[PDB]
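What follows is a single chain, given as structure tokens, in the form deposited in one PDB entry.
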């Protein structure tokens, strides 16, 4: 009778294995450090979470085990996880380009369409893998999308938006097993608008009004539609579809002409400009 015996998270001092090079983001996206393995010299990013209950901790440890089980080139690898002195430390592969939203704030501008296309394609590849393996992400947003040194995307988890449920699907707002595959697809659509406009739809509202606004409004569209291609606008319509029967799956979206793209050059250019700023 096969059974999982233990989590991958260890009850050990992370400092026994990892050196902290420095804090990343100066608090702008949480308590995050650049770290380096003492024996192997491998680089990592370490996120430290102060858990508030046994139940919260267990939920995180379950989620970490899922991440550890993923094997896809566009999903970040888990390098280590520790629980030590009331803190959860989660270490992933270091992604020298950082998070997509942090890049936008650094450069004070959104991604160009050619950049969004690449991010969309690679993130959709990761999301499709998850869905095919019966996993839902539930927190898709630009703060969970990371750039490598070579201009590829890695999907992460537990990210914080760089500086409220903006990415939540309307049926999930209205019906509180609430999250499912279709809800992730909606969140992808919101993330695309986030990358096109820096902030997601309804960012200007009082946050208390946001769920109501999502429930009662038509799906959001791009604020300046003449700046974007018909393919991008159509791809968005397939994600941001209130009728759950008509909202496209990740397998359908993979065939959409918007994500027919062969080169990550636009992202290499983006991160070279961020790196030189």
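Numbering follows the first chain given and starts at 1. Only the largest set of C-alpha atoms that superpose within 1.5 Å between the two forms is called the rigid core.
There is also a form deposited in another entry; it is not shown, and the following applies to it.
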{"item": "C-alpha of residue 37 moved at least 2 Å between this form and the one not shown on rigid core", "value": "no"}
{"item": "Yes/no, residue 151 Cα shift of 2 Å or more between this form and the one not shown with rigid core fixed", "value": "no"}
{"item": "Exceeds or equals 2 Å, Cα of residue 15 between this form and the one not shown, core fit", "value": "no"}
{"item": "Inter-Cα distance between residue 244 and residue 158 in the other form, nearer or further [3 Å or more]", "value": "closer"}
{"item": "Outcome for the Cα pair residue 145, residue 29 in the other form, compared with this form (closer or farther; change of 3 Å or more)", "value": "farther"}
